[PDB]
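Let me give you the structure first, and then I'll get to my questions.
Naming follows writing order (A, B, C, D, E, F and G), and every chain is counted from residue 1.
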Amino acid sequence: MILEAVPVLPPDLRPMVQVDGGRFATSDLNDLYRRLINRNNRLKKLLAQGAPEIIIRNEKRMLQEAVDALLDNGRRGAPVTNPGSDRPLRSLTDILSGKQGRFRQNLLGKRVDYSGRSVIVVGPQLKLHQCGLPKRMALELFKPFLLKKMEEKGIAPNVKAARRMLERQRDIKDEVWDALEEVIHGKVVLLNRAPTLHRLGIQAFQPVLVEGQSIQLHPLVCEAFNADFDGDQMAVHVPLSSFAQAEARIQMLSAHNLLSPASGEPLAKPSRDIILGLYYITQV
Amino acid sequence: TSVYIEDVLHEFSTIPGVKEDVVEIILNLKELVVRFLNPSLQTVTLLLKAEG
Amino acid sequence: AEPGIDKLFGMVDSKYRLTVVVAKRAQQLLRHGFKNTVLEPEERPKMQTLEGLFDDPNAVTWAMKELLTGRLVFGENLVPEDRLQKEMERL
Amino acid sequence: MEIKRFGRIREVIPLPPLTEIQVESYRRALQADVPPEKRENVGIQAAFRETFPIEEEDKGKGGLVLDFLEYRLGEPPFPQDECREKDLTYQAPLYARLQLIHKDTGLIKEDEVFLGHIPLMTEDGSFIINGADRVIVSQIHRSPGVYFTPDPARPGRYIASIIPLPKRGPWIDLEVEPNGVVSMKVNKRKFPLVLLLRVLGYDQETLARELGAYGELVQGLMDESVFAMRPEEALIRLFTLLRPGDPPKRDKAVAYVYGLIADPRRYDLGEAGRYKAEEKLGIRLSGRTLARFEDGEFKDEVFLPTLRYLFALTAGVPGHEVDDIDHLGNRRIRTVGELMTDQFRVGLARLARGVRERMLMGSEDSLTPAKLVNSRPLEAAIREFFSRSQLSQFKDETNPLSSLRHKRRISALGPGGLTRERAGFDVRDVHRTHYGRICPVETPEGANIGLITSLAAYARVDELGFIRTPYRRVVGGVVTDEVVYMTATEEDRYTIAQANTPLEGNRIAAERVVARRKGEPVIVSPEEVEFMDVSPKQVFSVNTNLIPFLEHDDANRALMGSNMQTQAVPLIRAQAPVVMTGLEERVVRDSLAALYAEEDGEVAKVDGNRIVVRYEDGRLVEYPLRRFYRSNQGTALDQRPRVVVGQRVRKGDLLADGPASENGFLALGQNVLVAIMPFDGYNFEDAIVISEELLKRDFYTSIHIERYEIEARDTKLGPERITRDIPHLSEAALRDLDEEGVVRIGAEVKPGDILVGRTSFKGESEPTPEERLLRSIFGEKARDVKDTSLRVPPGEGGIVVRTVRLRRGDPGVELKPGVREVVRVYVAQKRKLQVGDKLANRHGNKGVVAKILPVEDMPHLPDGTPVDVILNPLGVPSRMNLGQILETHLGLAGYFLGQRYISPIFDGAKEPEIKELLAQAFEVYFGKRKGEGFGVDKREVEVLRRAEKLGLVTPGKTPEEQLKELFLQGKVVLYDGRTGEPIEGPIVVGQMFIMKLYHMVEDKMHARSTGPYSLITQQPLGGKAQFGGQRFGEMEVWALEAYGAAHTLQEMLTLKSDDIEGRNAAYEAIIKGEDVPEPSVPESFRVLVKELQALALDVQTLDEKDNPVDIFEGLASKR
Amino acid sequence: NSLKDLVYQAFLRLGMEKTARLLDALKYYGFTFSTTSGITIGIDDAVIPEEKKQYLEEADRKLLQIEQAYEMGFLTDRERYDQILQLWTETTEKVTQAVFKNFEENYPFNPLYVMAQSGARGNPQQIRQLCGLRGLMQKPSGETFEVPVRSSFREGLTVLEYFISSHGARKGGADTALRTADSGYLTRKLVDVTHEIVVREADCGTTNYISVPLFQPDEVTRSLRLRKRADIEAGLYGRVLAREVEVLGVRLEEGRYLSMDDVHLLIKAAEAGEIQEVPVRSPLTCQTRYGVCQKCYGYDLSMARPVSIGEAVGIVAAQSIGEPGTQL
Amino acid sequence: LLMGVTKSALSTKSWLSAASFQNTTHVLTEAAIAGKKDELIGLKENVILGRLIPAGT
Amino acid sequence: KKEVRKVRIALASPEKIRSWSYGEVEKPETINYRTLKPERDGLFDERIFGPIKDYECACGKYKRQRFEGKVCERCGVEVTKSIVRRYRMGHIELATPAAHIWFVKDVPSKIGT
């Protein structure tokens, strides 16, 4: 239940990485291990040479406090970095627990590969099962799909030539955009809003390539999301596997989700302006 | 369509001795009205030299 | 959308069965290639610029268009499952 | 153009210099201009005389006397221009005259010692620290002094607190315990204060005569009469009641530490604590604090009055004499001068301890300058305060108004011991005393709500953070031009009128007059009013005063519009708003953005960058112009000349426009024709539709400059040489790279193009033998060189304008250690209005451009003129911002009358006035219409009949006057343009001032397919190189699993985020055009397993049976 | 409300594709007719009824009386404060009712009144603020000021009144900035405590149920009355019948999911006075080990049909609980 | 026994969710005193390990 | 090849810690500024946590795909990525016992109960 040999984390989990000018930024774990090693070696030397009892007890106390600090900091005093930087050191328990620890970032997958984000503008010309996607960011998002599809044709010989062709926008061709339209014929993408209060904050859509910068959004989902058009942005993700494509297109597509899960009240209801128009046209 | 200056080397510079910036010069040139008298004629290159 | 989703939902008890059926059909189409289809002769999907939906622009729509016919049968255990599930992943 | 003003009020006083707070604070802090002999001592000289005269009586070499005489500073090393070009600090060296004295013979006086360099404030009020310029914002906290607060539990009694500073010092409390105890905790332990009172030399006879005479709670101290007659042994007893374990024979050790200098607050005499003393209680607090050391015994001037007055409150009632914690009269503002002074004196005390030690081990005496004082502590402390402090924050130079507001912003948080971000909900709300001193609307929405604010326009801090509101003296029935400045406490006692009350000039014109008794809206008679408000503008900040029709707007919308005023980018051709408030000229003048004629004279020469003007004195002076200066936030600051050669000017007249000034008027935005009607769906909820007319002529366009920087630094591999040559391949695109490393000016650049050609070493310890031997047999000497060269980041690029190179050959520049050179390249582009951009009015009607329509199909008037911007009415009733409607009506009147209008915020134009103006405008409009011989269109006829059926226009009138009445409503007929048929029912149209808001990468698409991954976890995040991914959080995870989505979440957690082998295999497969493989365990979980393993824990994955299955391939197993 | 009912009925009786097409057509035509119809907001559209004028006079008179009622010592500070609050809160409602009476009588096609009558934008409180008066304004202490706001945004507020309303503006801002945090924490607690519950199940042999009442036990000290239609719908819709019930000559067989029609029929029957409590299945009695059975769970989804076996009810339940919390 | 939502969330048979929720220290200590073989039921655990969710598909 | 079904968490015996780690660290010397390579037996040692380089060993004689598994001629390193330094673990043999802080400071003191 008490520990005799203390494990030492693999170096890459606490790497010393040079920042600039030879200086090295280090994880505090390295400092804690260094202090522990120094205390342990001092204990070994002191016990080897001679035993002044009070001194031996004192150095035992320092070793014990070093181990305790390494396991976690704060429960007994606050061992800190070198004086002048009064930031308490970060220990194992600090890495695990907390509002942003190991648990609250690997539970989360804070980073994804094929993602983008942009401001959103209304897309009234669109049907409900569609959304507008800027051609440049869509081209970037489907890059492997684009490479494969234009390799199906003779636009480029190999993948490296195609990537170098796409690596600069001065080499774009209308054949490239034809291929991009070819890729996304049946594909869907997930549109997402940052505060995801309920199940409808993620919705799949059929992308439509547009010329512009903003994301064109069907107005009827203006209430499914709490998304007005006062400058708020949305993110977009691109599922890869065919199995995931089927999932999104069948049970996440906005055309199939018209009623709340909180109650039978519809959320695809006509919004403010449509209501105004229909009331105007059906009044006596 | 296009503007060339013997002195400057980009759009956001300024000519010494000129009160207006290059931006102002281009904006003023934007309102210049040119009437062609030969319908077959397509592209013309007017020249301007001034001092003092 | 897709041809008659209402008909799709009517002909299965629960939607997740429908999703797994359509996607497993899509995976079968991918692995065997699009030769193992059961709507081949006349009614095939078609692109606009050319006839590209003959081969493989989108397999999910292929599977769903397949399922609207009576040529697809699905069940919890209709075939010895072990044989198929251990030949599927090695090709 | 004319300008018509509507407000009918005489501003007796004009605005004080809107930036005088910081200017006066720093000018009082630094007395360099005044002779050192001058009486002025507060500030830096106060710190010098307070701590610097170190004395040492008997410690080794006794008689150490290091005294202060004078100080001076007069020569900055460099002017600020290159100090921004080169990352220096616009500072001045500091010198001090000191001298050393001993009890023996010897008077070793050193007139000059250099001790640190202190930053010098620029003219506007900013500081340049390391190239960039920052601003130190004021802070607000508790005023030092005496306060009384009710007991937290006991409802009949209360407590008294006297609060000095710093924290590691006194904080004294008096409390009453009913058993007959007058308890007093000095620092941490309570104490019967009667012993200390006896220490003060007070006997019980005068204690009853002067203190216990009135109150019956004197028995709470007169009961303790046993130890009430101990003159001096009470000092020993009191020190004994302390627990240091030390001998009691230390008469003035801790007894006197609350004496003169060390502990008790040195607050400014008269007011900082003395007004908090004398005004609160008693008559006068002579000296700085409570102390006596001329006879060893002690004297008091605080404890006795405080106890007396406390007992008066708890027994009798002098008044409702309990002090509000948040009352503005009990709160004080530490300006930049106070913060700088305090940090300076902390560094000075550090230096004092250092010199104490240096004397301590020093042997001889002829060592005054060198062996005593070292500049490292004080200089480092000042540099740290000006660089890494919380309140010294980056300047917000997006536009002159932004800079002004940032300079006059008051913050509640600060160093940390005062208030923090976690818990402040009690104090975030406004107080009744903010009226006229703090703008109740200026606060920024978000976490820092209510904590950060800005003082009102007419506000003025007098000498110690005590905001004074101007007021006009009212004597009898006459309002005198006399203007007197009240603090909160001073105002809390009189009756104050309101600026809107009817006035006969020098006589009140009303019978029942509104007033504020004590923050209470009451109605009184004119005879009972003593003071009057100068002007309603004194109630709101500078930024809010620019919104024209505040009287018809909601506080939320007014707040958010006032915030958006700050972040409006200056346009290429920006113009003054059609409706102004009247502070535009003051804002552009006081914020030093333009150039003005300092004296009567005539212009001599005016060029694109410099103006030479010969004054009436015969002296000619040259003014240079920052032609295209990059802002802090990336905009462009230009001075455009506004005078011609040989043009007479007046004193203080305009010479050159600022970045956002039309003619001495704050111009940040445009004046456009707006039609308030719902278009198809393009202005759906808050989106905006704009014409292409605003783009065919550049009307919303802005120059944006990006400043790239790349360094060559000395490595152990060897110095990295910035050379035009490219190591391996790229030479075709090198054509734009003309000279050695730096790209040629004026050359357009695309993303992925070289800007600076930098070369590093091929190998860290050994280069590639292939390429090494390559270059060896081509050119004898090898080339151990790898390509690490700055290229345009993916995205966008414009035109290179400037390139600066700083090398080791330093003229006056310094570089980071190990860095041989640095080159900075400026690339500018002309951003044009497009869909992604956003606009806003001054009333907060936030919007985003949704579609640009071609000119033909947008609605147009009966005349050929088409409207510019179409706005959705749905946003008006949901919020409450009717100000924009009034602005639209005024703009409609002005567009035809060709004139501008100035209306004060709470003295604007009455509805009859604007109606009459619209009548004149319609007269002009329809008279011009008839001059060409046209009557009324049939479409207009049917629209009129429909409006008649809707009750808009009275029936029975000819179309002429019916349409005139419709115009009086501000609504005119429009034609759809797409159909030609008119829009059924009238439409409201006018002119609004719409500004383009700040537009960074927020619109730009951080869309990536593959980017840099982190080191600890392989979750992809880039930044400078690549955008990085998007957070998928947990709420998105919860929603994703709320559906039946199972594999989607699996792929998005492993295949696309963490599984390194999984993601590599997936990328290869999709390139190969085959289905993605099944995922594996994410690396974040392996990190978790190893982290748990680091502790004494042990986690392993088990199979269906108790058989561990190793997550790792074989790496966990040994050998 | 009519549009919402129309959409729900179309979804019930037609399905997915036709409902989506109906929504598309409705959106397109609503946009076109909103454009061609030309609804705009002018300053004169915020009409001020003259009747409120004399109302104010009356109220002022009353206040004077109440004020002299204080100067004779008949009232305490608390009594006077409560009287003033009651008087002003009554006259505010009087004025708002007068405003809508004016709008319906005179100008049916007023853009503000039109927007309020439809579900487009606005509330009667906001319209009263625009045209009438925003009388009672809250103090930072949580109480309300004695002196109300006489003017409205059609007119111009006095400086003092604007400073007063700034109190409420700041209160709203801070309350957003903190209650959002609290509600998010609550939602996280919910989603953790419920994440285990997913419907994987056979119909559990639950011979148990819950009896949903139809009458409020106590609105007066002793009185029974039928519950509101909204409560009954939110308690019964999508539930599964515990045991067979026949109330109005109609045999509701045991195990029949309750649609909207069934709930309306039951409400009508209870109005006639035949039954008071409905026995229904519920998760509260489900005997499934981890999760709930299909029957014990119910019928409500994004669809109408009974729930598919295998979808996480716990997480959607927690999200449904937490979502309105941000807007409370 | 009726307890608040927090205590019920904490005291659960699976330790992964409890450790992930409120206080990792106490939860991990308790689950380390006695070997808690966490069964992979409940969605949070399967998300943590990255395996396929029991719910949904 | 088997699927993960359960996750067991338990205490670690001292012999467990010895079995996990590959060698012991004695020097508190991370890395010298001059020698960018790992310094000593310290917290970043090469042969205690695996090679820091990509694929080559210290010398590189027996490295190639015909004979990667054959023990190196002048060396003893099996071909592997840097990922070994992500997973290979160290240990410290304290001359004196110590207690895990959790079991002594948790609100229910496991040692204390």
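Keep in mind that, in the parts below, contacts are C-beta pairs under 8 Å (C-beta built on N, C-alpha and C of every residue); 3 or more make two chains touch, one makes a residue touch a chain.
Here's who's who by UniProt: C = DNA-directed RNA polymerase subunit omega; D = DNA-directed RNA polymerase subunit beta.
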Chain closest to the middle, measuring from C-alpha centroids that were averaged per chain: D
Pair joined by the larger number of C-beta contacts - D-F, C-F: D-F
Length of the line joining the C-alpha centres of chain A and chain D, rounded to whole Å: 31
Euclidean distance of C-alpha centroids - chain B vs chain E, Å: 65
Chain centre separation in whole Å, for chain F relative to chain A (CA means): 24
Rounded Å distance between chain B and chain G, as computed from the means of their C-alpha atoms: 72
Set of chain A residues in contact with two or more other chains: 3, 7-10, 12-13, 22, 71-72, 93, 96, 103, 106-107, 124, 129, 195, 197-199, 219, 242-243, 247, 251, 255-256, 261, 272-273, 276-277
Residues of chain B touching at least two other chains: none
Residue numbers of chain D (touch at least two other chains): 678, 680-681, 716, 874, 1034, 1037-1039, 1041-1047, 1053, 1058, 1075, 1081-1082, 1085, 1090, 1092-1097, 1102
All chain pairs that touch each other: A-C, A-D, A-E, A-F, A-G, B-D, C-D, C-E, C-F, D-E, D-F, D-G, E-F, F-G
Chain F residues touching chain C - in the complex, by the definition given at the top: 56-57
Complex contact set, residues of chain F against chain A: 19-20, 23-25, 28, 44, 47-48, 57
Residues of chain B touching chain D in the complex: 8-21, 23-24, 27, 30
Residues of chain C defined as touching chain E within the complex: 1, 4-6, 9, 13-16
Contacting residues of chain E [partner chain A, same complex]: 3-4, 7-8, 11, 16, 19-20, 23-24, 26-27, 29-35, 37, 39, 108-109, 114-115, 117-121, 187, 234, 237-238, 260, 300-304, 316, 319-320, 322-323, 326
